[PDB]
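Protein chains in written order, with PDB author numbering: chain N, 1 to 118; chain D, 3 to 209; chain K, 1 to 120; chain P, 4 to 116; chain 2, 2 to 54. Think of the CB as a built atom: it goes at the ideal place given N, C-alpha and C, for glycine as much as any other residue.
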Amino acid sequence: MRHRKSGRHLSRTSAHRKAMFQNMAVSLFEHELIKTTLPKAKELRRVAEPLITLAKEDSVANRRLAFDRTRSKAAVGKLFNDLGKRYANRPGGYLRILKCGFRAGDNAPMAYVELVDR
Amino acid sequence: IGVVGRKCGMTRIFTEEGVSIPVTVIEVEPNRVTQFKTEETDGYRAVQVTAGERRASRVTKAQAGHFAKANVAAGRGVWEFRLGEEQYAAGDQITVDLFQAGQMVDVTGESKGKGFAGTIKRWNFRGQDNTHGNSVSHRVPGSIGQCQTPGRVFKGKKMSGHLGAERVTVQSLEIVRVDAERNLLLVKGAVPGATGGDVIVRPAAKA
Amino acid sequence: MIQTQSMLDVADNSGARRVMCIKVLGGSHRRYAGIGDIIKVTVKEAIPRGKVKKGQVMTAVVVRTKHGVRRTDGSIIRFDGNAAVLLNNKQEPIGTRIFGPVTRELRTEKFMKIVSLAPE
Amino acid sequence: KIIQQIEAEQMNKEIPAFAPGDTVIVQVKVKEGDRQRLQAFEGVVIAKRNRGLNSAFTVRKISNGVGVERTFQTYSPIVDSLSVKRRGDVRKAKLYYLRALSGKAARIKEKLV
Amino acid sequence: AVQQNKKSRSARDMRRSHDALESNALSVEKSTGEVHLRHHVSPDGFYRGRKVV
RNA sequence: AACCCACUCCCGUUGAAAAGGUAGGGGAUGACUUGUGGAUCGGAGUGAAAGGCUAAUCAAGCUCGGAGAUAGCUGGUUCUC
RNA sequence: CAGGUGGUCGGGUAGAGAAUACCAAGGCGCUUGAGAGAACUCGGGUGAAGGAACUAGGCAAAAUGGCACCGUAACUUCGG
RNA sequence: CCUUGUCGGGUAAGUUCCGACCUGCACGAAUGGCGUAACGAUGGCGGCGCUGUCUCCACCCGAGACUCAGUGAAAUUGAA
RNA sequence: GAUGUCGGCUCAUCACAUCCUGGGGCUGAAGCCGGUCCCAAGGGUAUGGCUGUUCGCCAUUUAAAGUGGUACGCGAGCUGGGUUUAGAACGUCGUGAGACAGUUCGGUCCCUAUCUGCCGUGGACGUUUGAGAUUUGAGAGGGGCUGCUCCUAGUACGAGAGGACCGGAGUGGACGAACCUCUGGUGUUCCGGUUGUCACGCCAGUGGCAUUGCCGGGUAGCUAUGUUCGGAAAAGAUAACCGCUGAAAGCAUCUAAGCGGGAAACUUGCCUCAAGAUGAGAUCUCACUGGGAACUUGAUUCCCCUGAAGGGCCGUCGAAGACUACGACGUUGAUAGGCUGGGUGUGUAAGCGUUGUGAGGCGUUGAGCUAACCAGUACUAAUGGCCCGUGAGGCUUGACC
Ligand SMILES: [Mg+2]
Ligand SMILES: [Mg+2]
Ligand SMILES: [Mg+2]
Ligand SMILES: [Mg+2]
Ligand SMILES: [Mg+2]
Ligand SMILES: [Mg+2]
Ligand SMILES: [Mg+2]
Ligand SMILES: [Mg+2]
Ligand SMILES: [Mg+2]
Ligand SMILES: [Mg+2]
Ligand SMILES: [Mg+2]
Ligand SMILES: [Mg+2]
Ligand SMILES: [Mg+2]
Ligand SMILES: [Mg+2]
Ligand SMILES: [Mg+2]
Ligand SMILES: [Mg+2]
Ligand SMILES: [Mg+2]
Ligand SMILES: [Mg+2]
Ligand SMILES: [Mg+2]
Ligand SMILES: [Mg+2]
Ligand SMILES: [Mg+2]
Ligand SMILES: [Mg+2]
Ligand SMILES: [Mg+2]
Ligand SMILES: [Mg+2]
Ligand SMILES: [Mg+2]
Ligand SMILES: [Mg+2]
Ligand SMILES: [Mg+2]
Ligand SMILES: [Mg+2]
Ligand SMILES: [Mg+2]
Ligand SMILES: [Mg+2]
Ligand SMILES: [Mg+2]
Ligand SMILES: [Mg+2]
Numbered sequence: 001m002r003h004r005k006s007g008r009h010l011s012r013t014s015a016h017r018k019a020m021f022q023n024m025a026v027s028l029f030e031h032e033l034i035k036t037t038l039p040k041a042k043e044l045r046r047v048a049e050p051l052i053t054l055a056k057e058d059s060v061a062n063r064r065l066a067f068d069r070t071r072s073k074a075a076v077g078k079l080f081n082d083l084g085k086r087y088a089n090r091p092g093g094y095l096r097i098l099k100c101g102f103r104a105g106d107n108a109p110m111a112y113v114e115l116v117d118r
Numbered sequence: 003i004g005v006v007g008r009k010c011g012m013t014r015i016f017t018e019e020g021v022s023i024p025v026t027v028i029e030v031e032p033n034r035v036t037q038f039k040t041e042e043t044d045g046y047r048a049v050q051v052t053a054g055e056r057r058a059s060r061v062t063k064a065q066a067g068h069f070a071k072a073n074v075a076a077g078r079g080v081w082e083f084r085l086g087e088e089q090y091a092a093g094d095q096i097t098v099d100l101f102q103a104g105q106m107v108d109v110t111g112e113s114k115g116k117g118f119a120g121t122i123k124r125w126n127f128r129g130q131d132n133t134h135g136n137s138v139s140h141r142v143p144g145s146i147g148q149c150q151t152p153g154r155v156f157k158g159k160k161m162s163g164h165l166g167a168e169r170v171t172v173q174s175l176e177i178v179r180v181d182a183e184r185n186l187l188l189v190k191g192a193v194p195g196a197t198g199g200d201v202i203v204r205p206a207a208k209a
Numbered sequence: 001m002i003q004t005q006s007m008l009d010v011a012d013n014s015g016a017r018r019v020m021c022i023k024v025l026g027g028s029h030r031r032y033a034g035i036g037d038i039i040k041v042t043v044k045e046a047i048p049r050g051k052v053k054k055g056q057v058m059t060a061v062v063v064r065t066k067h068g069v070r071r072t073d074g075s076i077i078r079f080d081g082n083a084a085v086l087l088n089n090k091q092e093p094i095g096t097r098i099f100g101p102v103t104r105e106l107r108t109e110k111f112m113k114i115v116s117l118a119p120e
Numbered sequence: 004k005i006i007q008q009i010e011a012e013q014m015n016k017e018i019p020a021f022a023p024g025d026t027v028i029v030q031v032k033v034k035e036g037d038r039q040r041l042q043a044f045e046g047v048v049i050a051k052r053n054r055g056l057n058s059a060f061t062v063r064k065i066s067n068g069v070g071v072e073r074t075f076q077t078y079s080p081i082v083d084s085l086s087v088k089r090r091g092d093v094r095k096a097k098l099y100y101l102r103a104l105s106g107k108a109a110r111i112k113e114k115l116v
Numbered sequence: 002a003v004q005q006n007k008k009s010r011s012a013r014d015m016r017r018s019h020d021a022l023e024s025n026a027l028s029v030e031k032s033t034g035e036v037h038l039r040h041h042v043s044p045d046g047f048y049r050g051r052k053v054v
C-alpha cells in the first residue's frame, strides 16, 4: 500500500541489493564519474554521502567503521586522505545527478553521478 | 455555519477522576468571509469562507480580482456553507468563538484511500478453504448470478475496486475544549482522513 | 471460557479439576466471553471425591483469563491461566473456598457472594 | 509541534528513575463503595515504553500461587507512588522470558549493587 | 475463450484510435545552438551552457 | 546414501515435458539392479495373470495386394424460360 | 527441449559417512532487458486468545529427530 | 431385505466403532471352517502431543500480473 | 455433428400463503400467558453430534431458528463424499460366458474473455466568444434489527399463587462506517546474541554463504482481536380497524354529501454521487478593440500582422496512484535528497588501562550505533523554453433613450 514508506526494491533480493550499492560506491571513489541508470542513481545518493560525512573525522574506530561497509583497502585509502579534506567546509550535498538520454538497447533513462568539486 | 480546520494528530488527555479521553486535535486558521449569497440573485442563502496562505504567483487574475471585491487576500480553498438566518457583511472574520463545551458537532472530510481493493477487504466477504482439495481459487469471489433467467448480472453487484478517498462524515462528536489562544478544537473520537488533511466542523442537526 | 471447546479449570473446592466450554450464553451468537459472563460447561476431569460427578452439564461464571480485563484507562490486568466458578440452578456457587485471586471488575449485585469469599 | 506542546502540560512529576529488572512497589487508588483508599502492588518490572504521555510500564507479581501482570499508565492520576526496593543487572531491555519460568530459574541475578 | 463472430474493419480500427505518439520536449542550447531534450545533457556534453563530459 | 521404483499433496494441462517437476515416501546382499551379444511373432508368441506388453498403435500388430469390398444409412449434386 | 544415457578419477575443514554446510584445482552468470511495488495466482516467514470447533476424513502444515546411561507392558510360534 | 433390529460401553449429543442376543430373506467345513505372535505407503473407530486446518484472517519477502522499448503465437469466425 | 447429473463452500435475488418484531377484531380473554382470524415484506432469521446425504433424530441456545421460485439459483466460481468406465471380493440367480434398479475397498474434473452484463477509471467532443473558482438538485443509491435489567409499582388484577398496559432511564449482543492516542500483532531496510566454514598477509576486529543460518527485541506504515460513532426523534398522506353528525328507508345507520383518529410498510427527515438533467441551469471575476483581396453576401474564403486570459508538454515529488486522473511545488524557492540538533529503538562499541596461568571480570561505564518521525537550513537537483488557445462574440421579435 506503501503509505509513507521509503526505499525501493529494484527487483533484486535483499542481499544482492546490499552488495550492489556497496560495489557502485567503491567504483565511484576511483573514477569520480559513473554512467549509470536513473533509478539506481536516486538510491546511490543515500549510501555514498554517509561515507563522505564519516570521512571528516579520522579515527581507528572510524577507519574500521568505514572498512566494514565499503569493504576495500583502496576505497578506505582514497577516503581519509583526499576526500573528507577536499570537502572540509561544505555542509551536505556532495554529488550531483544529470539526466542524459536513453539506453540504445532498452529505453532505460541514464544519469551521471559526479562529485561536486573536481 | 461551520469552521474549516486541519487534522493534526491524535492525543489523549486525563480527567480529574482518572479516565482517559481519546482526543483528536484540530488546528483552525481564522476564516475570512468572501461572499454573502442573498436569496434574490441566487435563490438559496449561503456564505463563502476561505483559509489562507497561498503564494501570489499561483492565483489567476480571475481569482485575484474575485478576492479583491472584499479585501481578503485569500489563500487555499473556497468552501460554502448553507445557513438558516444570520446577517453577514462582505469582509468579516469567523473564529472558534461560536463553540462551547458539550456541543456535539459533525465532522466531514476525505478519508484515506486504499488503491484497488478486493472483495475480502472492500465488502468483507468470506473466503474458501486452504487445504481440503482446493484449486487456485482461495480469495476470489464466488458466483455472481442465477443461471438462465435473468441471464444477466443485476446492477449494484458487489465486486472489487478502489476503497476510496471519498467524502465521509462522522456524526455527533462532542467537544472537550476550545482554545482561543492557540486556535484549537479538541474532539473526542475519530476524525476522517490522514494527518495534515482538511476538515469541516459543523454543529449537528440530528441531535 | 472465551470460545466453545475451551478447556479451563475451576477455582473452587467442591468442584472438579477441569471443565470445558460448550455454549456461550447471552445473545444470538456471542462468539467470545470475557471476565464476568455466564457460560455452560461439561465436567471433563473430576477429583476422586468432591461433589460433582464426571460428565454433567453445569453452569459457570468466568473469573480469570489470559486475554485480560480492560478498564477505563490504558491499564489492564492480565493473568496466566483460565478459571471458572461453578454455579447452581440459581446463580449461587456450589463450593465454599475460592482459590487464587479474582478481580474487582466482577462485583455486581448478584455476585456479592464470591467476591467476599476470595483472597484478592 | 502543536501536540508536542500540549503534552508538556499534562506531565507533572510523579515518577523516579528506574529500569527493567527492578522490584518496585506501587500505590494505586481504589474507588469502590463511595470511599477512596490505596492499595499496594509489588512485583518485578519487565517492560517500558517512553513515548511521552504515552509511557507505560509492566510489573509481574506471583499472587497466591497464580501469576498476574499489570500494565500501568505512567502519568495517570491513579498511579500515585512508585518506590524502588532492589535493582540488578539484566543486560536486556524486555524481560519476556519470565512468562515461562517460575521458581529458582526466574531469579534476577545481581551484578549490580 | 474464443469469439463467435469476427470483427469488421470498423470495430478493429476504432480500437487503435487511442494509440498515438509524442516526444516534443525539445530545447535549443543558448551557446552552441544544438537541439536536445528538456532537462537532459546535450549530445555534445553541455548542460545549461557548461561542458560536463 | 549412489541405485532401481512410483504412495500422497500442490503446481502444470495452447505444458519446459504426447506422462514431468519441487517437497515428502518404499526396497536397498538379493524371488536384486544393470552393460554388451543372442533366442522366441500375428488366431502367433511371451505373461508371479492385468486381456497386460510385442517400435508413442493391441478382445489379436504394421505394410502391400484381393479391392473403386459392402452400406434398405448420413452429406452433396453446378446455365434460362 | 527442466527429460533419458554404461564405466574409471574424486583434494581441504567439521562429520561414522561417496549424506550435509562452506572452499582448492577447474569451470560457469542458465541469449529478452528496464521500471513501478494495485487486486488476484504461485513458492515462503511470523502471529494475540483459543486448540479439530474445519472436513467425506487431523488431507495438508506444525511437531518429533544425536550419542551415552537409567528404565520398559499385555502378548508370544520363546526369536520377538 | 425389513433396519438407525434389540441390549450394554464410549461422547453434553454416536445411521459408523466395540461387546453380546439368535427371529442365518441369502454363513458353513480343502470355490476350505474357526483361532493366531510378528509384519503391512492396507480398511474402519478412539486418545495424548501438536498446530492458520478453523472462529477470522492481518502483515512482510521473492517470481508473474500492470507500464515502457524489441520480437511476436493459438483454438474460434454466415454477416453485423 | 454433446443442454456436464446429487449434497457441501462462496455469492446472492424475488414472492407472501408471516417464523420474529409493528398495528388490530373475537375468545369458554381475571392477571401472566395464549387460541384463532384480518392488515403489514422495513430489518432480521443458531452453533454442534451421527450419516454421502437434502431430510431426520438428539444435546444446548435464541426475540425467532419461516415456506417456496430462480436449469429442484450458482462446476468457461471451487470441491468430488454420492451415482460413478476398466481391477478385486461376499451373498443370491445361470450347467457357462456373465448378471443384480443388492452390499464392500481402489480410481486424471479441460479453456490466455471477442461481444452483451457488471464493478472501477480515463480520452474525444458538446453545452452558441473564451477562461478560473463556487454551487441549486431533476433524479438514483446507502441505512432501517433487538435483548435484559431498574424506576413507575409488588400498584391494577386475584382465595391465594402469581403479577401487568402506557411512559422513562440504563448497558449489552449481532451488523456497519471511520480511525491508530491506548492494548497487541507484523515489521527479510534498525540494534544485539550465537553455530559451522571461507576470506581480508597474520593477532585482534569484521564481512560473505548456510530458508532472514537459527533466534531475542523493535520506529514509521499497515492492521483487529483494539478505540469511537451509527440505527432515530418528528411531519405528511394512508392500511386493517375505531368513529362523530346524517339522510335515502319518519326509527336505526362510520357514508351517499360532510368531519376526524390510524402501523417498523409509503413520502420527506439523516449520509453520499449528481446539469451528457442534449430540458446540457445559476452567481462572482478575468481576458482579447489589425488590415487586405477574391467571390457569392447568416456573407463565405484566402493572404499578412498578431497571439492575451489561460492550459499542456517537461522537472522535483505526494498519507494520490495498475496506467492515467487528482493534489502540492519550480530559484517570486523548503518540493524531494543530504547536513545540524532532537526523539525513538537497542543495551554499557572498539581501542587503551587493569585483574588472572587461562576463558573471563572490572575503570572503559547509559557507551556506541539508530530505516520510514519532528524542527531548521539553498549544500545538490527542480532552465526568465516550446506548443496550443486569438482579434470583441449570428439572426428574428418584444420591451427599453
Ligand atoms: Mg542469505
Ligand atoms: Mg493512498
Ligand atoms: Mg493454493
Ligand atoms: Mg432478456
Ligand atoms: Mg524459577
Ligand atoms: Mg542409470
Ligand atoms: Mg530414498
Ligand atoms: Mg532401508
Ligand atoms: Mg476383466
Ligand atoms: Mg505400444
Ligand atoms: Mg472382388
Ligand atoms: Mg469404399
Ligand atoms: Mg569431502
Ligand atoms: Mg495463532
Ligand atoms: Mg501462544
Ligand atoms: Mg461443521
Ligand atoms: Mg466434526
Ligand atoms: Mg501428513
Ligand atoms: Mg467336504
Ligand atoms: Mg482362505
Ligand atoms: Mg509389501
Ligand atoms: Mg510489449
Ligand atoms: Mg453443436
Ligand atoms: Mg397478508
Ligand atoms: Mg442445480
Ligand atoms: Mg475447474
Ligand atoms: Mg456455469
Ligand atoms: Mg421510513
Ligand atoms: Mg581471529
Ligand atoms: Mg564465498
Ligand atoms: Mg453551465
Ligand atoms: Mg501568460
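Proximal residues of chain N, C-beta to C-beta of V42 (chain 2) below 8 Å: Within 8 Å Cβ-Cβ: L98, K99, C100, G101, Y112.
For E30 (chain N), the first and last residue of its enclosing beta strand (DSSP E): For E30 (chain N), no beta strand (DSSP E) segment is defined; the enclosing uninterrupted segment is the alpha helix (DSSP H) at 14 to 31.
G46 (chain P) - partner residues in DSSP beta bridges: Answer is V27 (chain P).
For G36 (chain K) and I94 (chain K), believed in contact at Cβ under 8 Å, the rounded distance: At roughly 18 Å, the Cβ-Cβ gap does not stay under 8 Å, so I94 (chain K) and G36 (chain K) are not in contact.
CA-to-CA distance, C10 (chain D) to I5 (chain P), given in whole angstroms: Straight-line Cα distance between these residues: approximately 8 Å.
Three-way DSSP call (helix, strand, coil) for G67 (chain D) in this model: When DSSP states are grouped into helix, strand and coil, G67 (chain D) belongs to the helix group.
The region 98 to 110 of chain K / the region 75 to 94 of chain P touching (three or more Cβ pairs under 8 Å): They do not touch, by the three-pair rule.
Residues that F16 (chain D) contacts on chain P, provided the C-beta gap is smaller than 8 Å: In chain order: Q13, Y78, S79, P80.
Whole-Å CB distance - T26 (chain D) paired with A192 (chain D), under 8 Å assumed: Right, the Cβ-Cβ distance comes to about 7 Å (below 8 Å), so this counts as a contact.
As assigned by DSSP and simplified to three states, the class of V115 (chain K): Assigned with DSSP and collapsed to three states, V115 (chain K) falls in helix.
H67 (chain K) to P119 (chain K) span [Cα, whole Å]: Each residue's CA atom was taken as its position, placing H67 (chain K) and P119 (chain K) some 21 Å apart.
Close-in-space but distant-in-sequence residues of the same chain around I111 (chain P) (CB under 6 Å, 5 per side omitted): Excluding positions up to five away in sequence, the list reads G24, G91.
Through-space distance from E45 (chain K) to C21 (chain K), alpha-carbon basis: Cα to Cα, the separation comes out at about 13 Å.
Per DSSP, the bridge partner or partners of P24 (chain D): Partner(s): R14 (chain D).
Segments assigned beta strand (DSSP E), at least 3 residues, entirely inside the region 49 to 96 of chain D: Segments of the beta strand (DSSP E) lying fully in the region 49 to 96 of chain D: 81 to 84.
For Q76 (chain P) and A59 (chain P), believed in contact at Cβ under 8 Å, the rounded distance: The pair is a contact, with the Cβ atoms about 5 Å apart (cut-off 8 Å).
Outcome for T36 (chain D) when other beta-carbon atoms lying within 10 angstroms are tallied against a minimum of 16: Buried: at least 16 other Cβ atoms inside 10 Å.
Members of the region 18 to 36 of chain 2 that neighbour chain N once the beta carbon cut-off is set at 8 Å: So nothing in the stretch comes that close.
Chain N within 8 Å of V53 (chain 2), Cβ atoms only: Yes, contact with chain N.
Inter-residue Cα distance where the pair is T52 (chain D) and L44 (chain N): One Cα belongs to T52 (chain D), the other to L44 (chain N), and the distance between them is close to 44 Å.
Chain D residues whose Cβ lies nearer than 7 Å to that of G68 (chain K): Correct list: empty, because the minimum Cβ distance to chain D is about 17 Å.
C-beta atoms of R204 (chain D) and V107 (chain D) nearer than 8 Å: Result yes, Cβ atoms of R204 (chain D) and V107 (chain D) sit closer than 8 Å.
Burial state of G7 (chain D), where buried means 16 or more other Cβ atoms lie within 10 Å: So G7 (chain D) ends up on the buried side.
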